[PDB]
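Quick heads-up: it's one chain on its own, the form deposited without its partner chain, in structure tokens.
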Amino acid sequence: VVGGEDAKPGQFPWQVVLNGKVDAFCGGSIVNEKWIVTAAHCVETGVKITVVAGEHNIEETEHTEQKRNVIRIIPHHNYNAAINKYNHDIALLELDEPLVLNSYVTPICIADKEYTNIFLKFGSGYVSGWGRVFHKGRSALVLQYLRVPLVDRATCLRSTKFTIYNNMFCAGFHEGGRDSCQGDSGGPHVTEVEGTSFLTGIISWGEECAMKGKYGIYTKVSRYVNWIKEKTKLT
């Protein structure tokens, strides 16, 4: 997150970071004790993914941390990195042992397909992660967050020469300087509804970071609410 601010511990309980070939290479969100939501392109075959919940300073030991191993990956069935790697960019991760919920480890709310889309329309969303704090720079030791206004569908489609499918959306600023960046994707884009946050998107991709004229593409979670609710439901 470029142009962001330091989150206070426990401010985004649902936030998790993914570690594999590289530490904090992607973010995620807690659906429940056993499931994480993230981007499909964050899961490259072979790499063993490690999930840490209750994370704040990626370098130190706050004692709120919780490590878990992934025993299953379920990328959305329409996802196909061969044709395109950012279309249907959403995946599920089953943890080996259930997380213990507390003030630092809390799931995000997933609403109806219809409300999810209404809350997205409120205009403002919160984005957070331990990604680059400057285009092509260092990552964040401490979790960063940033509020991003929704961008006009017409504007969004005109900002890139790449195809923006109705499965994705734009958010960010016309000015630039403030955007999400690499290392953040897989992370949440939440909307707060009277003190209760709901997942309204997933940090996916972009072109450079915080550069004026270009935005960040996020996965429109509303088109996936059901698939999530289905495969994450506990038994």
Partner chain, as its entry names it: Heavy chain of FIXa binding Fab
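Numbering follows the first chain given and starts at 1.
Another form exists, solved in complex with its partner chain; not displayed. Remarks below refer to it.
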Considering only heavy atoms, tell me if residue 157 and its partner chain come within 4.5 Å of each other in the entry with it bound.
-> yes
Taking 4.5 angstroms as the cut-off for heavy atoms, does residue 134 touch its partner chain in the entry with it bound?
-> no
Exactly one listed stretch (157 to 165, 135 to 143, 67 to 75, 90 to 98) reaches within 4.5 angstroms of its partner chain in the entry with it bound by non-hydrogen atoms, and it is 157 to 165
